[PDB]
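Quick note on labels: first sequence line is chain A, next is B, and so on, each numbered from 1. Worth knowing before you read on, the calculation uses all heavy atoms, side chains too, and leaves out hydrogens, waters and symmetry mates.
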Amino acid sequence: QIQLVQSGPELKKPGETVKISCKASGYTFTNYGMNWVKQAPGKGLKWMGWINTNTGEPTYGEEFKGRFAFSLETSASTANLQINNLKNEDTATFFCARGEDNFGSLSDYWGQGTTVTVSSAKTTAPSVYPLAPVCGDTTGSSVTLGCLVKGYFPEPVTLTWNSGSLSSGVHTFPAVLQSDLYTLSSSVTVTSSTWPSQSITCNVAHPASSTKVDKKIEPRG
Amino acid sequence: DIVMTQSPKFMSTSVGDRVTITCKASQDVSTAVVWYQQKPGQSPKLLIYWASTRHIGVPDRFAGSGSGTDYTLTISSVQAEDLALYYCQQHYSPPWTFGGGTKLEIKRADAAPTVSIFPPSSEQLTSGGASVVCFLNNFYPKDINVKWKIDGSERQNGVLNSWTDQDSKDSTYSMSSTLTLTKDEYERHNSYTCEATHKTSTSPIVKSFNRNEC
């Protein structure tokens with residue numbers, strides 16, 4: 001159906017300006033205007049305004065007038081947001097939705113978001129460590145393995161146990177920020193029969209600084 | 001500006017029940033209320049506009065209701081996949097104001113936490129750092145309490161707890177408690193105990209260690 005995709009999640013330090021894009025698959029760009037919603041980890045959903053993808057008429061919600069600019073690259077059926085003279089207050093995830101009607105009261109279809117992190121912190125690639133067990137009856141007929149990803153900035157971090165193929169049993173935790181960087185954990189409970197028989201592994205891509213680790217969880221027991 | 005007000009802010013029912021969620025606003029918005037659902041790590045989607053018209057492909061089991069200032073989304077047969085935030089939104093006058101969301105937890109049956117303690121990795125030990133990770137995995141309800149006691153003493157600094165949100169599939173919760181130290185801190189001690197207070201027992205769950213072969 002309509003398939004709006006949005007650009008990747010940027011890290012821009014206070015003062016700068018970021019280009020955020022929405023590229024319209026699915027509909028005929030011109031007869032349906034673009035809506036832009038902000039979602040802080042706070043309030044919930046906020047309307048920033050609409051863009052009449054026909055003439056380019058923009059409408060901004062009060063809190064948004066002036067530092068924000070909805071624009072389009074018509075041709076590409078693309079709509080862009082631009083936050084200029086970036087505040088750490090703008091640290092959030094933005095959406096382009098598609099306005100069903102004139103002005104965009106209903107928003108049928110939303111892009112996947114673009115997360116901006118306004119921050120002065122350094123990109124520090126992670127240290128990945130294989131967390132493997134000392135001993136013990138882990139509940140019954142099962143063994144958990146773990147993995148810690150300490151030291152990275154900024155989030156995201158993509159973890160995968162054995163190339164994606166190892167799925168059932170994972171609990172990847174949220175990242176948590178201790179001051180300047182993030183720390184992460186993921187657990188995967190395998191059957192007693194699967195390990196160190198088979199080869200469990202903690203594959204880690206830090207998109208942000210090209211890092212990709214695959215620590216193996218050697219038995220060390 | 002119209003002001004979409006939601007309360008409660010968390011709501012729970014079991015599998016197969018009904019739940020109802022209150023959205024009200026400042027003035028008479030003439031049924032022009034939209035409902036979205038935003039599942040954790042997903043775009044919102046349009047459930048309902050004009051307080052009752054189901055959008056393409058939302059099932060019969062999500063019903064719209066309301067009038068004047070006062071609106072209510074009712075879900076029936078609460079599936080495991082219905083945990084998400086529900087959001088209402090005015091669409092009578094600009095600017096379109098949204099409620100603050102409501103979490104739908106699916107009330108499950110009780111489940112004791114499967115806990116696992118983990119030694120500092122020799123790799124981080126050459127780095128001069130020591131973290132003892134404990135997982136407390138698949139518990140129900142959300143109420144866990146996780147203390148460390150290094151050598152029998154409540155170590156309450158250095159720890160960082162992380163929590164999983166409710167599982168879509170089995171409605172449990174998991175948690176991580178990493179407790180970092182330095183090598184000469186680690187190497188000065190020897191019992192390391194992760195303890196867990198949880199409704200599914202009296203006697204505190206305890207995962208404790210020091211190295212030896214297995």
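- Of all the listed residues (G49(A), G44(A), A97(A), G104(A)), the one sharing the greatest number of non-hydrogen pairs under 4.5 Å with chain B is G104(A).
- The residue from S122(B), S121(B), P119(B) that alone fulfils the side-chain contact (heavy atoms from CB on, under 4.5 Å) condition with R220(A) is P119(B).
- In this structure the side chain of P130(A) reaches within 4.5 angstrom of the side chain of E123(B), judged on heavy atoms.
- Put simply, of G61(A), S127(A), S107(A), the one with the most heavy-atom pairs under 4.5 Å next to chain B is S107(A).
- To the nearest 0.5 Å, atom OG of residue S176(B) and atom CG of residue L184(A) are 8.5 Å apart.
- Pairing each heavy atom of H55(B) with each of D108(A), the nearest pair is NE2-CB, 4.1 Å.
- By the 4.5 Å heavy-atom criterion applied to side chains, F118(B) and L148(A) are not counted as neighbours.
- Using a 4.5 Å cut-off between heavy atoms, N210(B) contacts chain A through its backbone alone, with no side-chain atom that close.
- Ranked by heavy-atom pairs under 4.5 Å with chain B, the first of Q178(A), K43(A), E100(A), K215(A) is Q178(A).
- With a threshold of 4.5 angstrom between heavy atoms, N35(A) does not approach chain B through any atom at all.
- Atoms OG1 and CG, from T139(A) and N137(B) in turn, are 8.5 Å apart once rounded to the nearest 0.5 Å.
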List the steps and the verdict of side chain to side chain donor-acceptor pair (under 3.5 Å) for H171(A) and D167(B).
CA-CA 10 Å; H171(A) 280 247; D167(B) 182 16; over 6 Å; no
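- Atoms OG and CE, from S185(A) and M175(B) in turn, are 11.0 Å apart once rounded to the nearest 0.5 Å.
- When heavy atoms are compared at a cutoff of 4.5 Å, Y36(B) approaches chain A solely by way of its side chain, counted from C-beta outward.
- Heavy-atom pairs under 4.5 Å with chain A peak, among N161(B), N138(B), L85(B), at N138(B).
- In this structure, chain A has no heavy atom under 4.5 Å from any part of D165(B).
- In this structure, chain A has a heavy atom under 4.5 Å from the side chain of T180(B), while its backbone stays farther away.
- Across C214(B) and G136(A), no two heavy atoms sit closer than the pair SG-N, 4.5 Å.
- The shortest non-hydrogen separation linking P44(B) to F95(A) is CD-CZ, 4.2 Å.
- Pairing each heavy atom of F135(B) with each of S186(A), the nearest pair is CZ-O, 3.9 Å.
- When the candidates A132(A), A175(A), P219(A), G146(A) are compared by the number of heavy-atom contacts under 4.5 Å with chain B, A132(A) comes out ahead.
- Of the listed residues (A32(B), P120(B), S43(B)), the greatest number of heavy-atom pairs within a distance under 4.5 Å of chain A belongs to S43(B).
- Ranked by non-hydrogen atom pairs under 4.5 Å with chain A, the options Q90(B), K45(B), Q124(B) are led by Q124(B).
- Between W96(B) and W47(A), the ring planes are perpendicular. Angles over 60° get that label, and only those under 30° would be called parallel.
- Within a 6.0 Å radius of CD in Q156(B), other residues, nucleotides and ligands contribute more than 12 heavy atoms.
- Screening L145(A), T138(A), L131(A) for a side-chain contact (heavy atoms from CB on, under 4.5 Å) involving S116(B) leaves a single residue, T138(A).
- Side-chain N/O atoms of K150(A) and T178(B) include no donor and acceptor closer than 3.5 Å.
- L46(B) has its side chain within reach of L106(A): a pair of non-hydrogen atoms, C-beta onward, lies under 4.5 Å apart.
- Contact record, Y87(B) with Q39(A): OH-OE1, 3.7 Å, taken as the closest heavy-atom pair.
- Looking at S131(B), only its side chain comes within 4.5 Å of chain A, counting heavy atoms on both sides.
- For the atom pair OG of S177(B) and CZ of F173(A), the computed distance is 10.5 Å after rounding to the nearest 0.5 Å.
- Of the possible donor and acceptor atoms, one in the side chain of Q89(B) sits under 3.5 Å from a partner among the backbone N and O of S105(A).
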